[PDB]
Amino acid sequence: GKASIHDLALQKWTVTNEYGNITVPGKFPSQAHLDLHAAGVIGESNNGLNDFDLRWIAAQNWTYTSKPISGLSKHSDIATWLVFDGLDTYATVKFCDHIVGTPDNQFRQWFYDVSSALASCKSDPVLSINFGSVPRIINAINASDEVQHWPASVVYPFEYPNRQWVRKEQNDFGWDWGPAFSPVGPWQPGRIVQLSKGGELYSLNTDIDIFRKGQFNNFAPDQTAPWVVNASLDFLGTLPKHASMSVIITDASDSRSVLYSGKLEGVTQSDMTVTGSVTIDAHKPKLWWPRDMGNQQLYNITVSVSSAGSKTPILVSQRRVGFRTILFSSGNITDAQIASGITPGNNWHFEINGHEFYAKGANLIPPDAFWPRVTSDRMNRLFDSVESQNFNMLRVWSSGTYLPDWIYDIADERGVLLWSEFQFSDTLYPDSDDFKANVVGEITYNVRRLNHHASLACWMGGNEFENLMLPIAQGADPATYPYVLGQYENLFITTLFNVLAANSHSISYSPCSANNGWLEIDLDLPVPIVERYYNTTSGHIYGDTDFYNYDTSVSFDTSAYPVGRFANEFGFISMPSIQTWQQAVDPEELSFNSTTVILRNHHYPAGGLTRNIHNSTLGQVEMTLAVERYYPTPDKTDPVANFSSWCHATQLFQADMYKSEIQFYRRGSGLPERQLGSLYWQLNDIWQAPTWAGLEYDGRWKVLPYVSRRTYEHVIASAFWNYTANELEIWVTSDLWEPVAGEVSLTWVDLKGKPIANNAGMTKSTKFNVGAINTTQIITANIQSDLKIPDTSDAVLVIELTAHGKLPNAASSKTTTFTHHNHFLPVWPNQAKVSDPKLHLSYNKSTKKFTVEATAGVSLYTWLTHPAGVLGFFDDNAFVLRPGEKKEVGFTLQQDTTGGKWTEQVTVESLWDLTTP
Ligand SMILES: *[C@@H]1O[C@H](CO)[C@@H](O[C@@H]2O[C@H](CO)[C@@H](O[C@@H]3O[C@H](CO[C@H]4O[C@H](CO[C@H]5O[C@H](CO)[C@@H](O)[C@H](O)[C@@H]5O[C@H]5O[C@H](CO)[C@@H](O)[C@H](O)[C@@H]5O)[C@@H](O)[C@H](O[C@H]5O[C@H](CO)[C@@H](O)[C@H](O)[C@@H]5O[C@H]5O[C@H](CO)[C@@H](O)[C@H](O)[C@@H]5O)[C@@H]4O)[C@@H](O)[C@H](O[C@@H]4O[C@H](CO)[C@@H](O)[C@H](O)[C@@H]4O[C@H]4O[C@H](CO)[C@@H](O)[C@H](O)[C@@H]4O[C@H]4O[C@H](CO)[C@@H](O)[C@H](O)[C@@H]4O)[C@@H]3O)[C@H](O)[C@H]2NC(C)=O)[C@H](O)[C@H]1NC(C)=O
Ligand SMILES: *[C@@H]1O[C@H](CO)[C@@H](O[C@@H]2O[C@H](CO)[C@@H](O[C@H]3O[C@H](CO[C@H]4O[C@H](CO[C@H]5O[C@H](CO)[C@@H](O)[C@H](O)[C@@H]5O[C@H]5O[C@H](CO)[C@@H](O)[C@H](O)[C@@H]5O)[C@@H](O)[C@H](O)[C@@H]4O)[C@@H](O)[C@H](O[C@H]4O[C@H](CO)[C@@H](O)[C@H](O)[C@@H]4O[C@H]4O[C@H](CO)[C@@H](O)[C@H](O)[C@@H]4O)[C@@H]3O)[C@H](O)[C@H]2NC(C)=O)[C@H](O)[C@H]1NC(C)=O
Ligand SMILES: *[C@@H]1O[C@H](CO)[C@@H](O[C@@H]2O[C@H](CO)[C@@H](O[C@H]3O[C@H](CO)[C@@H](O)[C@H](O)[C@@H]3O)[C@H](O)[C@H]2NC(C)=O)[C@H](O)[C@H]1NC(C)=O
Ligand SMILES: *[C@@H]1O[C@H](CO)[C@@H](O[C@@H]2O[C@H](CO)[C@@H](O)[C@H](O)[C@H]2NC(C)=O)[C@H](O)[C@H]1NC(C)=O
Ligand SMILES: *[C@@H]1O[C@H](CO)[C@@H](O)[C@H](O)[C@H]1NC(C)=O
Ligand SMILES: *[C@@H]1O[C@H](CO)[C@@H](O)[C@H](O)[C@H]1NC(C)=O
Ligand SMILES: *[C@@H]1O[C@H](CO)[C@@H](O)[C@H](O)[C@H]1NC(C)=O
Ligand SMILES: *[C@@H]1O[C@H](CO)[C@@H](O)[C@H](O)[C@H]1NC(C)=O
Ligand SMILES: *[C@@H]1O[C@H](CO)[C@@H](O)[C@H](O)[C@H]1NC(C)=O
Ligand code: NA
Ligand code: NA
């Protein structure tokens with residue numbers, strides 16, 4: 001009595017428009033834009049001015065129609081189910097010309113019993129799904145006087161308005177880094193399931209919750225307590241009474257190694273769910289740790305459900321899990337912490353297996369406007385870049401969508417923690433019973449689906465509420481504010497925290513991405529999480545920092561930087577490379593201020609459907625002023641080269657700025673705020689455009705990820721310049737869990753490479769001692785009073801740190817050697833009297849290393865550019881080169897279309913090359 005499964009991917013599909021004039025072959029999973037493009041009806045969607053040009057697609061319905069489905073049993077003894085892991089978004093599901101469902105959530109798994117429609121069918125059944133025009137449907141919802149309305153500033157759009165009414169990826173209606181395609185279709189896998197009476201069941205969703213005995217969300221668990229493995233299985237259809245549950249927990253690496261094999265206790269069952277648990281000895285399982293914190297130990301758990309009077313199990317579910325505790329700490333700073341020197345207020349940090357760690361990473365946004373075309377290769381390449389940059393965490397930004405299982409699998413294997421969020425962003429949402437019920441379905445499904453993942457670090461209700469949107473609402477409408485605040489608590493706390501707490505004991509919660517923490521957490525309270533909000537005391541520090549300041553005059557002034565617990569967002573836009581631009585924009589539009597380049601810059605957004613040149617120009621100006629203030633301004637005779645050099649110059653500013661911020665946040669770990677995290681805005685691009693991204697759409701590295709890789713190293717030497725006071729401070733910051741000792745080399749040379757007399761009055765070398773997740777000031781000097789630099793515009797301090805220590809949880813007796821390369825320029829980069837360094841580049845086919853040598857003098861911001869046709873990244877880039885120093889640079893080759901020829905096409909340049917004709 002096995003379950004008969006037909007994958008909908010293996011069925012023949014046809015896509016039709018609303019007006020019956022367009023008919024193209026379809027795919028499953030897919031979206032209309034992709035099927036239209038594959039057929040040649042439209043060009044690539046990311047190209048030119050297609051954000052405007054392709055609006056006729058989103059403005060209409062698209063229907064996915066299968067050819068008649070063969071192989072289904074017509075025996076009335078058999079329940080036939082349509083199972084959809086994702087439909088985007090408003091759809092009408094027809095089976096044999098009968099409407100059986102009307103889904104309205106992208107983030108929910110939909111299942112419909114089609115047994116009667118099948119029985120009624122005169123011939124083989126046709127499955128059709130008619131996807132509505134989301135902007136039309138939302139406009140119609142808003143048009144009703146009977147629904148809720150908010151002030152203009154609260155529901156202000158990026159491109160399409162009324163997005164708060166739909167349970168669809170919010171950036172699909174446009175964002176300030178992306179287009180507004182509003183795609184529709186079967187965005188995730190789908191199946192037809194035929195179940196026989198008294199036979200095998202079908203697994204819909206499985207929730208595995210591995211926690212320490214007595215563990216509760218947002219509270220530090222007991223690390224000496226035994227492990228509890230709770231298995232809750234959602235299914236179709238009929239499970240008989242007195243159900244039995246057994247598990248086999250084997251090592252994910254070796255099947256032969258069995259952790260636990262036995263029955264589950266405290267079995268509970270309902271119409272479509274069966275739950276049980278097992279307690280395992282605290283000493284037995286090997287712990288999972290994030291990357292560079294130990295091993296990423298995983299286990300394969302297979303849960304078998306048997307019925308009384310059945311030899312074989314009727315339901316079997318498998319998941320890959322990890323034994324670990326992850327705490328998001330947002331409660332009050334304890335008396336013990338105050339006594340240790342920590343400023344009072346509230347926490348904002350993470351703890352892995354009871355250990356505090358410094359979080360390093362960025363914000364992950366969707367890599368494509370069309371989720372179906374995002375492949376395993378594309379995500380694995382992105383993850384290579386994440387690891388190479390020395391990340392331990394990504395913030396999975398809302399909204400955004402809930403990532404599929406396969407993406408979390410990558411993070412589980414690699415050891416990258418994923419700070420996760422519910423799909424609510426930069427606006428206020430309705431709180432009607434129907435909307436809330438739809439949200440509950442989405443939260444229940446995704447929390448249950450994702451709980452087993454070792455990489456899941458936390459759940460946050462939404463993006464930018466208490467720090468932005470709620471204060472906007474209080475200003476925009478003081479009278480309606482308490483009501484609106486009440487809805488926020490009702491949806492994001494009362495409902496959402498309860499749905500999470502019911503389905504997870506292991507994952508911590510925060511009602512939004514940025515807040516001042518909580519006063520109380522108690523499920524007995526009408527509002528379970530009592531938020532601190534603006535109940536603050538002067539001098540006290542609360543929450544994470546979400547900081548952007550576009551005034552370029554203070555970009556490198558640390559007194560302008562926020563003093564907080566954690567930095568979850570920070571950034572400035574930069575142009576992508578010319579190679580990236582060439583993929584989407586016409587050659588004649590390859591100029592800094594071309595109409596197509598401007599219109600693709602969504603900083604600042606249109607605030608509607610207009611071609612807003614004014615708002616977009618604001619971002620273009622910000623980039624221009626940033627270059628003009630600090631970097632050599634290109635003036636190349638070749639317009640192509642001029643555009644490329646200006647693009648590069650914007651990247652230099654972005655990189656250096658983030659570095660200035662990262663080193664400041666990291667140094668805070670040893671200061672009274674006890675800063676424990678840096679997540680820059682943003683990691684990746686959704687398309688070819690000027691954004692806050694470090695990784696371009698195809699994966700190409702900007703200057704930013706090379707500078708952030710170094711700045712995210714375990715032990716770093718950071719130069720802090722108070723330019724108004726003319727004071728230089730060099731600090732050593734370590735994120736290791738043990739103290740380390742080491743030395744920092746300090747070499748003052750002129751721009752020709754010749755040493756400055758008496759090393760400009762500064763010591764040539766200094767020893768250091770830095771504590772666990774702490775900082776130490778190694779140098780303090782006034783550039784005028786304490787130092788003797790003959791010409792500040794003909795001087796550079798080269799910083800080289802060496803330290804010896806151990807990474808957390810290293811078995812090895814052998815100590816790791818930590819090295820960090822940095823520099824200090826006593827003037828802005830545009831003031832440095834650089835001369836042609838006369839760079840020589842060569843590639844060695846055996847060692848797979850590029851040799852870079854500066855021949856005539858000092859080279860600043862030495863830059864290697866890989867051509868198009870190759871994917872990957874260099875082992876270092878944007879570095880200082882002293883003459884005669886032969887630098888070896890390797891390349892992580894991810895993909896090559898050149899047959900090895902790409903190495904001949906690699907170019908080298910420096911700060912000097914910006915100002916040549
Ligand atoms: C393992 O794991 C698991 C999980 O997984 C777990 O379990 C869990 O538990 C928890 C705790 O308890 C819970 O929670 C709860 O809930 C409730 C509701 O319930 C209902 O529902 C649910 C859900 O459903 C869904 O889902 C599922 C899954 O999937 C399925 O199955 C179904 O079918 C459904 O589905 C659907 O829907 C969805 C959405 O939602 C979607 O998605 C889908 O698709 C579809 O459509 C369920 O589950 C339940 O079921 C249940 O129950 C029944 C009877 O009723 C049975 O039959 C079954 O079996 C179950 O049972 C279970 O549970 C219970 C409890 O409930 C117990 O007893 C038993 O034994 C068993 O176990 C149902 O149906 C809600 O309501 C609640 O509430 C709350 O509570 C809290 C605490 O707890 C608090 O805080 C809050 O507040 C609330 O309360 C309130 O209210 C009440 C009334 O209503 C009262 O009484 C109280 O007092 C309060 O009030 C008060 O206060 C306030 C303030 O605060 C004021 O205002 C007033 O005035 C007054 O004064 C809760 O949340 C859950 O449920 C569970 N789950 C399960 C699945 O099971 C376990 O535990 C673990 N284990 C270990 C060892 O750890
Ligand atoms: C483009 O695509 C869209 C989306 O796929 C198409 O619209 C969809 O059309 C289908 C078929 O017409 C609708 O299916 C249902 O239709 C009626 C209900 O009609 C009533 O409700 C709808 C929806 O109202 C909601 O949306 C509008 C915005 O458009 C909004 O103004 C309104 O306030 C409502 O919004 C609330 O609710 C939704 C959730 O539904 C939330 O998302 C919102 O947030 C908000 O809370 C109105 O448009 C109508 O004017 C009318 O008021 C219903 O009777 C149908 O019932 C059949 O199907 C169910 C199974 O689903 C079954 O149980 C029933 O027994 C019944 O089945 C029998 O009848 C059918 C024939 O009808 C037969 O084949 C069967 O064999 C059975 O004998 C059905 O549920 C769907 O609601 C609608 N979706 C939306 C979002 O509008 C649109 O047609 C298409 N256009 C073109 C040109 O192709
Ligand atoms: C691309 O787009 C802009 C086209 O209008 C252009 O912006 C202009 O940039 C100049 C500087 O190059 C600004 O000039 C002033 O900028 C500040 C602002 O107060 C002053 O401190 C300066 O001394 C200078 O007077 C203009 O204000 C600015 N125009 C606007 C409308 O803001 C960009 O320069 C163009 N970019 C490139 C690379 O060509
Ligand atoms: C390279 O690009 C820069 C920046 O766009 C060009 O500089 C502009 O030149 C025009 C000449 O009419 C001036 O009116 C603008 O004020 C200049 N803008 C800036 C930001 O300096 C430069 O002309 C280009 N070089 C070429 C093609 O020779
Ligand atoms: C399809 O028909 C509509 C009118 O029913 C028209 O506006 C649209 O341009 C037509 N499209 C094509 C590709 O023929
Ligand atoms: C939403 O509805 C109100 C009232 O019907 C209307 O004034 C407003 O223009 C609508 N908003 C949009 C963006 O369509
Ligand atoms: C463990 O399960 C994963 C899927 O979650 C699978 O890819 C892997 O092959 C399994 N390994 C073993 C040893 O069972
Ligand atoms: C964007 O454009 C709208 C419409 O012209 C305008 O009201 C808004 O202020 C602009 N945004 C910014 C940041 O200037
Ligand atoms: C950092 O190190 C200093 C000594 O340099 C020490 O007094 C302080 O308590 C340390 N802070 C932490 C959080 O370890
Ligand atoms: Na105080
Ligand atoms: Na944001």
Side-chain angles (χ1 to χ4, degrees), residues 89 104-107 134-135 137-144 147-180 182 363 365-366 395-402 421-432 434-436 438-439 442-443 460-478 480-493 495-496 510-515 531 533 546 548 568-569 602-609 612 615 681-682 686:
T89 285
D104 61 345
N105 200 318
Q106 185 179 350
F107 321 124
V134 192
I137 289 163
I138 71 200
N139 291 345
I141 293 163
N142 176 81
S144 172
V147 304
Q148 190 171 0
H149 292 91
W150 296 259
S153 57
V154 168
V155 295
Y156 177 79
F158 284 94
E159 287 163 87
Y160 288 100
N162 308 311
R163 70 179 168 92
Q164 76 276 10
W165 288 104
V166 62
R167 297 312 306 141
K168 180 166 161 65
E169 179 166 69
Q170 306 280 276
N171 71 271
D172 294 4
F173 309 103
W175 220 262
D176 57 358
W177 37 249
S182 177
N363 286 256
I365 66 132
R395 164 164 173 241
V396 193
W397 175 86
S398 60
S399 168
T401 192
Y402 302 93
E421 302 192 335
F422 301 152
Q423 309 321 307
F424 300 93
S425 193
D426 195 43
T427 194
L428 301 184
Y429 288 85
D431 198 36
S432 67
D434 279 5
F435 183 85
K436 181 207 263 142
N438 195 8
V439 167
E442 141 196 359
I443 308 299
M460 308 226 176
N463 171 63
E464 271 152 9
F465 286 85
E466 285 177 44
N467 70 319
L468 184 66
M469 273 312 113
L470 289 162
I472 280 169
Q474 187 175 19
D477 205 328
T480 334
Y481 181 60
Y483 177 83
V484 125
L485 184 67
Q487 291 185 299
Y488 163 75
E489 287 187 341
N490 187 255
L491 187 61
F492 303 93
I493 302 167
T495 324
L496 295 198
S510 176
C512 59
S513 61
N515 60 77
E531 287 284 85
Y533 294 116
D546 195 310
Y548 305 87
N568 80 306
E569 280 192 31
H602 288 177
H603 176 63
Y604 295 77
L609 305 164
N612 202 324
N615 287 16
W681 187 275
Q682 68 202 66
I686 195 176

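FYI, the numbering just counts along the sequence from 1.
Residues passing the ring pair (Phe, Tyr, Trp, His ring centres under 6.0 Å) test with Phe173: none are found, sequence neighbours excluded. Under the side chain to side chain contact (heavy atoms under 4.5 Å, CB included) criterion, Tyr156 pairs with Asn615, sequence neighbours left out. Under the side chain to side chain contact (heavy atoms under 4.5 Å, CB included) criterion, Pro135 pairs with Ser133, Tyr160, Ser182, sequence neighbours left out. When the side chain to side chain donor-acceptor pair (under 3.5 Å) test is applied to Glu421, the partners found at least two apart in sequence or on another chain are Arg395, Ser398, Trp419. Listed by chain and number, the residues in a side chain to side chain donor-acceptor pair (under 3.5 Å) with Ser510 are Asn515 (sequence neighbours excluded). The side chain to side chain donor-acceptor pair (under 3.5 Å) check on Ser432 picks up nothing, with sequence neighbours excluded. Residues forming a side chain to side chain contact (heavy atoms under 4.5 Å, CB included) with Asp431 (at least two apart in sequence, or on another chain): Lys436, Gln487, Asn490, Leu491. Partners of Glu489 by side chain to side chain donor-acceptor pair (under 3.5 Å), not counting sequence neighbours, listed by chain and number: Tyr533.
Nearest heavy-atom pair, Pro179 versus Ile686, reported as atom, atom and distance to 0.1 Å: CD-CG2, 3.9 Å. Nearest approach of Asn171 to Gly400, heavy atoms of both residues: OD1-N, 2.7 Å. The minimum heavy-atom distance between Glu569 and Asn463, with the atom names listed, is OE2-OD1, 3.4 Å. Closest non-hydrogen pair, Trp150 versus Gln164, comes out as CZ3-NE2, 3.5 Å. Nearest heavy atom pair, residue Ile141 against residue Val147, reads O-CG2, 3.3 Å. Of all non-hydrogen atoms in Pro478 and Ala476, the two that sit nearest each other are CD-C, 4.1 Å.
Screening residues 170-180 for salt bridge (charged side-chain N to carboxylate O under 4.0 Å, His left out) gives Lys168-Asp172 as the qualifying pairs, with residues at least two apart or on separate chains. Residue pairs meeting the salt bridge (charged side-chain N to carboxylate O under 4.0 Å, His left out) criterion with at least one partner in residues 157-166, sequence neighbours excluded, are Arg55-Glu159.
Exactly one residue among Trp397, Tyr604, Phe158 makes a ring pair (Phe, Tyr, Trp, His ring centres under 6.0 Å) with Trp177. That residue is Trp397.
Side-chain contact between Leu496 and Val439: present, with at least one pair of heavy atoms (C-beta onward) separated by less than 4.5 Å. Between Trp681 and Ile365 the shortest side-chain heavy-atom distance falls below 4.5 Å.
Residue-environment remark: OH (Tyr548) exceeds the threshold of 12 foreign heavy atoms within 6.0 Å.
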Does the side chain to side chain contact (heavy atoms under 4.5 Å, CB included) test come out yes or no for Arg167 and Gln423, once each step is laid out? CA-CA 8 Å; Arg167 297 312 306 141; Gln423 309 321 307; 3.6 Å; yes
Verdict with supporting geometry, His149 and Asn142, side chain to side chain contact (heavy atoms under 4.5 Å, CB included): CA-CA 8 Å; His149 292 91; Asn142 176 81; 3.2 Å; yes
Working for side chain to side chain contact (heavy atoms under 4.5 Å, CB included), residues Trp175 and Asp426: CA-CA 10 Å; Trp175 220 262; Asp426 195 43; 4.0 Å; yes
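Side-chain N or O atoms of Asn363 include one that pairs as donor or acceptor with a backbone N or O of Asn568 at under 3.5 Å. Judged purely by atom type and a 3.5 angstrom limit, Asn612 uses its side chain to pair as donor or acceptor with the backbone of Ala606. Counting only distance, with no hydrogens or angles, the side chain of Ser399 and the backbone of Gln170 share a donor-acceptor pair below 3.5 Å.
Relative orientation of the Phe422 and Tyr402 rings is tilted, given thresholds of 30° and 60° on the angle between their planes. Between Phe492 and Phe424, the angle of the ring planes goes over 60°, which puts this pair in the perpendicular group of the 30/60° scheme.
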Let me have the donor-acceptor pairs involving side chains of residues 464-473, under 3.5 Å, with sequence neighbours excluded, atom names and distances please.
unit_1, atom_1, unit_2, atom_2, d
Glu466, OE2, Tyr488, OH, 2.7

